[PDB]
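Just one chain is shown here, as structure tokens, and it is the form deposited in one PDB entry.
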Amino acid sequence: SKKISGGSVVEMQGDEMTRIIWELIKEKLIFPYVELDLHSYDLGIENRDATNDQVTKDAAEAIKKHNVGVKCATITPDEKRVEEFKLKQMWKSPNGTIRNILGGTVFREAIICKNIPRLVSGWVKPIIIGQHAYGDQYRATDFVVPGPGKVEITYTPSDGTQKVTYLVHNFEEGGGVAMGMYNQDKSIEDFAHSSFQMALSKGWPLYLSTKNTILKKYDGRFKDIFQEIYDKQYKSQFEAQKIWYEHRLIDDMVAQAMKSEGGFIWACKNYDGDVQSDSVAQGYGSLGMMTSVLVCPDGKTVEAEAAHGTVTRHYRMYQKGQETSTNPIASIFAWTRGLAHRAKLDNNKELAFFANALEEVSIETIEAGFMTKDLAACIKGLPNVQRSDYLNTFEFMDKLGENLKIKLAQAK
């Protein structure tokens, strides 16, 4: 009779074809059933340029205040984009910026449809990657070494005691490159807690990967912190659910994951999580069918995003009124994951039911054979797909909407 009152959500609008899909999702799938107190931040490239990227920081601050953010894919400028949009600077990726402000762990997991074939034969249960969202390469200082000379890294305590100087390399034959990077104890502790809690929440074992055989001090610190927290705070809960936590060397881990059946949480350092989550998503059948949710250290704030790109080539055709077949699932599940968290915070049973029903309809629709071109290509091979094998962007969104209406009405 009346729409679900859904509460406060921070929306981060994006670019190009994902921006188009984003507005379709709202128009056809969300707003006909849900009324929201939407706090909207335009992270389009033109508004980021207009505001000297201030809108991105304001959006992150709004997520802290309202505890739920949902983010559309954005352009990370390069030189070509600077020329295309006459940018004032080559602005940094909003995702890096938001993650650095909020902190936490990005959990990434495939979105699985029975008729979309896996590439890895054994993966019959899901693999959830928890990517530490702070530090390491993403805050590093790198530079070109122009010629022979010495590179050192130093630590000067703030409390006035004596410095320590570590030789990096004496460049004796030429130049090269060098870099320093760091991470913080508290961030690592938050990463550990989020990983143990996720594993207990799903009832799956947890592995952390490092390369502490080589980086005995840097990666040893991750290994040590996880083990201490596990022993003192989570081990008895794990044993009660008959699950476990173990550290693994990263190269052992990627091979162990390859040969596994799935069904574990995989805690990754920032870089490894960035890389391995794409490998895993592709192994489940489609790189694009993936959820990506930043879980912040306060245990109450979340940011759900559509991972990967803005699909520029489809946007160019759309702008010319040409037919496209853009997969909206990752954008839809950014909304449903955000709304499901909003519902849990508010004990809003109607919104929780809605968010889960939309995820069900999305998967059921694809499983009934209605699907965009990229998914049909998973089944038949891309050079072999014909027009009758798939739905265009609007046909697919319309089929979702008609299936969502049926699902919500049947439950009433």
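C-alpha atoms forming the largest set that superposes within 1.5 Å between two forms make up the rigid core. All residue numbers refer to positions in the sequence shown, first residue = 1.
Here the subject shifts to the form deposited in another entry, a form of this protein not shown in this document.
Taking 2 Å as the criterion, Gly203 counts as shifted between this form and the one not shown: its C-alpha moves by at least this amount when the rigid core is aligned. Once both forms are fitted on their core, a CA shift of 2 Å or more is seen for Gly262 between this form and the one not shown. The rigid-core alignment places the CA of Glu84 less than 2 Å apart between this form and the one not shown. Wider separation of the C-alpha atoms of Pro94 and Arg139, by 3 angstroms or more, is seen in that other deposited form than in the present form. Between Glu239 and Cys296, the Cα distance is smaller in that other deposited form than in this structure, by no less than 3 angstroms.
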